[PDB]
Each structure stands twice: as structure tokens, then as C-alpha cells.
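In what follows, a structure is listed as C-alpha cells, so that the remarks can point back to it.
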Amino acid sequence: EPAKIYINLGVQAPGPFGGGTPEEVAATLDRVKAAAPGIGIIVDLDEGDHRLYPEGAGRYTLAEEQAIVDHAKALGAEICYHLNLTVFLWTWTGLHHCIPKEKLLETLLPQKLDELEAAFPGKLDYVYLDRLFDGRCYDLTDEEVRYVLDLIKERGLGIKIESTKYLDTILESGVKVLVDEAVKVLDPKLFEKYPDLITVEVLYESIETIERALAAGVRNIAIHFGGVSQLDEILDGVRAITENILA
């Protein structure tokens, strides 16, 4: 069967350097689908008594986040939610302070996951956490990894990982994975053992980036462009898929 194609798209709140309101994000997503027809869309999103007005620009409110997802979900786009606040604020410093491993496994991570699916019921496909990131914080044991994967698979979520440190246990757990290769290594043996589970995000440098990927297994490839400014920059290479075919 032919392979799948997606346009990995980053969305953030209006701030000092860019961003767009839920109306602007909705219009851009409609303009991408208007050009790219049979191409999937992967929208990345960062997390923002609980607001209505954003406490400081550069972050969305929970309503604006829901308004974007509900519009992107209606377009058929998959949502990948970034739970970076798992290291946010020992405190009163804005650092990436790491709570004890128990405090995170026992309480916060299930807490954040419950809050997650409470705000976006069944409308999130992948979730990103800065824990499997080559270890960094905490050295995860054998059962510790598969416990976090169980919390994610419980709520029907996939995972986005930057490091392929634990990829050889994620696929055994049968959970969909999103490998961000937009600047480790991986053998094509995985694509014949787990074809419908891996989706590789690549930095678009040319058609040679796709051909090098399609030469292996990669039946699910997401394209992330370098560069609301990017509306037209993506509308340049959006014709790079009508003629690409390659199926």
C-alpha cells in the first residue's frame, strides 16, 4: 500500500517573535489543506483553581488551545501535545528543576495526563515529554519506562521522542511513536517489524530528504519546514507534493 505523508506544523501563541491567534491558526490550517490535498497534518502544541486572558503573552489559554485543536481535529489533523511543564516551576527560579522520580511517577505525571485528556478528550494523538530525552533527568529502569508507556497507552496516546534511547522498548509495547529527526540512528529492520507504528519527522531540505527516507521502510513520514510568513513559505513547497507522487 502507498505510504502516508504529513506536514509537521509548529503553532505557538503570539509573542515577541511571532505566533497567531486561534483565528489566524485556523485560517492558515485551512489554506494548507486547500493546497495540499491528500497530505496529513501534524500540529505541535506547547502546554499553557484554574484563565480566559493569557497571564503574560507568549502562551495560549486553555480555551484558545481547545479552539485550535477542535478546528485542527475537524480538518483531520493529528495533534501532538508538548507536556514540557513536567519540569517547570528548587522553585521561584523558572528553572527546569526535577522533582524526585517517585513524586513524578506517583503523582504529577498521572495528574498531568488526567488533566490532559480531561481538556482534550480523545482529540490528541501524540504527547511529548522531556523525560525519555536521552535520560537527562532520571535514569529510567525497565519497569519504570513501561509504566509511563502504560499511562500514555491507557488514554490512547502516542509519544513523541527526540532520542532513540528507548525506541527499542516503545515498539515492543505497541504504542505509536513519533521520532523527531529534524536536526539518532535507526535500522530499517524496525519498519518491517513495526510498519504502522513509527512516524518519522524530518527537516525538509529537498526531495532527496524524502527519497532517502522512502528508500528504507518509513511508511509514515512527517515533513517539518525550516521557517504568518511561513504561510507563504510552506505554500511554495506545498506543490512539492502534488507532483511528488512517488507511490
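Every chain in the C-alpha cells has a letter given in the order shown (A, B, ...), and although residue numbers restart at 1 in each chain, ligands are simply numbered from 1 in the order shown.
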Can you list every residue in region 183-228 of chain A that DSSP puts in strand (DSSP E), as an NGL selection string?
:A and (198-203 or 220-224)
Go ahead and write the residues just picked, N, CA, C and O atoms, as a PDB file, in the first residue's frame.
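Saved to again-v1.pdb:
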```
ATOM      1  N   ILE A 198       5.616   3.589  13.528  1.00  0.00           N
ATOM      2  CA  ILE A 198       6.628   4.641  13.534  1.00  0.00           C
ATOM      3  C   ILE A 198       6.244   5.714  12.527  1.00  0.00           C
ATOM      4  O   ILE A 198       5.867   5.404  11.389  1.00  0.00           O
ATOM      5  N   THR A 199       6.346   6.974  12.944  1.00  0.00           N
ATOM      6  CA  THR A 199       6.206   8.121  12.054  1.00  0.00           C
ATOM      7  C   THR A 199       7.427   9.001  12.258  1.00  0.00           C
ATOM      8  O   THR A 199       7.678   9.460  13.377  1.00  0.00           O
ATOM      9  N   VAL A 200       8.188   9.232  11.192  1.00  0.00           N
ATOM     10  CA  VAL A 200       9.459   9.943  11.286  1.00  0.00           C
ATOM     11  C   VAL A 200       9.258  11.377  10.813  1.00  0.00           C
ATOM     12  O   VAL A 200       8.799  11.615   9.689  1.00  0.00           O
ATOM     13  N   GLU A 201       9.595  12.334  11.673  1.00  0.00           N
ATOM     14  CA  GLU A 201       9.558  13.750  11.327  1.00  0.00           C
ATOM     15  C   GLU A 201      10.935  14.173  10.835  1.00  0.00           C
ATOM     16  O   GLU A 201      11.934  13.977  11.533  1.00  0.00           O
ATOM     17  N   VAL A 202      10.988  14.748   9.640  1.00  0.00           N
ATOM     18  CA  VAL A 202      12.255  15.099   9.015  1.00  0.00           C
ATOM     19  C   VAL A 202      12.265  16.582   8.686  1.00  0.00           C
ATOM     20  O   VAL A 202      11.221  17.201   8.450  1.00  0.00           O
ATOM     21  N   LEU A 203      13.465  17.151   8.678  1.00  0.00           N
ATOM     22  CA  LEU A 203      13.659  18.528   8.252  1.00  0.00           C
ATOM     23  C   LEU A 203      13.740  18.563   6.733  1.00  0.00           C
ATOM     24  O   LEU A 203      14.617  17.926   6.138  1.00  0.00           O
ATOM     25  N   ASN A 220       5.331   6.167   7.106  1.00  0.00           N
ATOM     26  CA  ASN A 220       4.678   7.315   7.726  1.00  0.00           C
ATOM     27  C   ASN A 220       5.756   8.365   7.955  1.00  0.00           C
ATOM     28  O   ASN A 220       6.603   8.202   8.839  1.00  0.00           O
ATOM     29  N   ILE A 221       5.746   9.427   7.151  1.00  0.00           N
ATOM     30  CA  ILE A 221       6.776  10.459   7.204  1.00  0.00           C
ATOM     31  C   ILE A 221       6.125  11.825   7.370  1.00  0.00           C
ATOM     32  O   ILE A 221       5.219  12.189   6.612  1.00  0.00           O
ATOM     33  N   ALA A 222       6.595  12.578   8.358  1.00  0.00           N
ATOM     34  CA  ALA A 222       6.166  13.946   8.589  1.00  0.00           C
ATOM     35  C   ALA A 222       7.271  14.896   8.156  1.00  0.00           C
ATOM     36  O   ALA A 222       8.451  14.662   8.435  1.00  0.00           O
ATOM     37  N   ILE A 223       6.884  15.966   7.476  1.00  0.00           N
ATOM     38  CA  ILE A 223       7.824  16.930   6.922  1.00  0.00           C
ATOM     39  C   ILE A 223       7.726  18.208   7.733  1.00  0.00           C
ATOM     40  O   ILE A 223       6.643  18.793   7.858  1.00  0.00           O
ATOM     41  N   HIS A 224       8.852  18.631   8.291  1.00  0.00           N
ATOM     42  CA  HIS A 224       8.941  19.869   9.050  1.00  0.00           C
ATOM     43  C   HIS A 224       9.808  20.844   8.270  1.00  0.00           C
ATOM     44  O   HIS A 224      10.960  20.533   7.947  1.00  0.00           O
TER      45      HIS A 224
END
```
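Counting only C-alpha atoms, residue 242 (chain A) has the following residues at most 12 Å away, ignoring those fewer than 5 positions along the same chain: residues 5, 35, 36, 37, 38, 39, 235, 236, 237 and 247 of chain A.
Among A:163, A:230, A:84, A:169, the residue with the shortest atom-to-atom distance to residue 184 (chain A), counting only C-alpha atoms, is A:163.
Distances to residue 188 (chain A) were evaluated for A:217, A:170, A:111, A:161 using only C-alpha atoms, and the minimum falls at A:217.
Using only C-alpha atoms for every distance, the candidate list A:127, A:75, A:171, A:213 yields A:171 as the residue closest to residue 146 (chain A).
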Find the residues around residue 41 (chain A) up to 9 Å (only C-alpha atoms counted), leave out those fewer than 6 positions away in its own chain, and share them as a ChimeraX atom specification.
/A:5-9,29,32-33,72,75-79,222
Suppose we keep C-alpha atoms; can you now write the selection as an mmCIF file, in the first residue's frame?
```
data_model
loop_
_atom_site.group_PDB
_atom_site.id
_atom_site.type_symbol
_atom_site.label_atom_id
_atom_site.label_comp_id
_atom_site.auth_asym_id
_atom_site.auth_seq_id
_atom_site.Cartn_x
_atom_site.Cartn_y
_atom_site.Cartn_z
ATOM 1 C CA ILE A 5 2.595 11.929 4.217
ATOM 2 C CA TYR A 6 2.200 14.646 6.844
ATOM 3 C CA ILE A 7 3.231 18.277 7.260
ATOM 4 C CA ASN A 8 4.535 18.698 10.799
ATOM 5 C CA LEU A 9 3.469 22.223 11.760
ATOM 6 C CA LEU A 29 -4.636 25.404 8.507
ATOM 7 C CA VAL A 32 -2.652 24.428 3.839
ATOM 8 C CA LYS A 33 -5.447 21.909 3.304
ATOM 9 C CA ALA A 72 -7.496 21.093 13.570
ATOM 10 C CA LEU A 75 -9.695 19.114 9.429
ATOM 11 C CA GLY A 76 -8.355 15.607 10.092
ATOM 12 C CA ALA A 77 -5.075 16.821 11.577
ATOM 13 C CA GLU A 78 -3.332 14.837 14.290
ATOM 14 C CA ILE A 79 -2.381 16.796 17.414
ATOM 15 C CA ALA A 222 6.166 13.946 8.589
#
```
Tell me, in Å to one decimal, how far CA of residue 25 (chain A) is from CA of residue 182 (chain A).
22.2 Å
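If only C-alpha atoms are the atoms counted, then among A:11, A:216, A:104, A:179 the closest residue to residue 138 (chain A) is A:104.
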Just want the 10 Å neighbourhood of residue 69 (chain A), counted on only C-alpha atoms, with same-chain residues fewer than 4 positions away dropped. Output as JSON, numbers by chain.
{"A": [22, 26, 43, 45, 63, 64, 65, 73, 74, 75, 77, 78, 79, 80, 81, 120, 123, 124]}
Run DSSP on the backbone and tell me which residues of region 27-113 of chain A come out as helix (DSSP H, G or I); list them as a count of residues only.
39
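The spacing separating CA of residue 176 (chain A) from CA of residue 159 (chain A) amounts to 6.6 Å.
Each of A:137, A:129, A:83, A:167 was compared to residue 96 (chain A) using only C-alpha atoms, and A:137 turns out to be the nearest.
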Need to verify the contact set: residue 59 (chain A), 10 Å, only C-alpha atoms, exclusion of same-chain residues closer than 6 positions in sequence. Can you return it as a PyMOL selection string?
chain A and resi 12-15+19+46-48+65
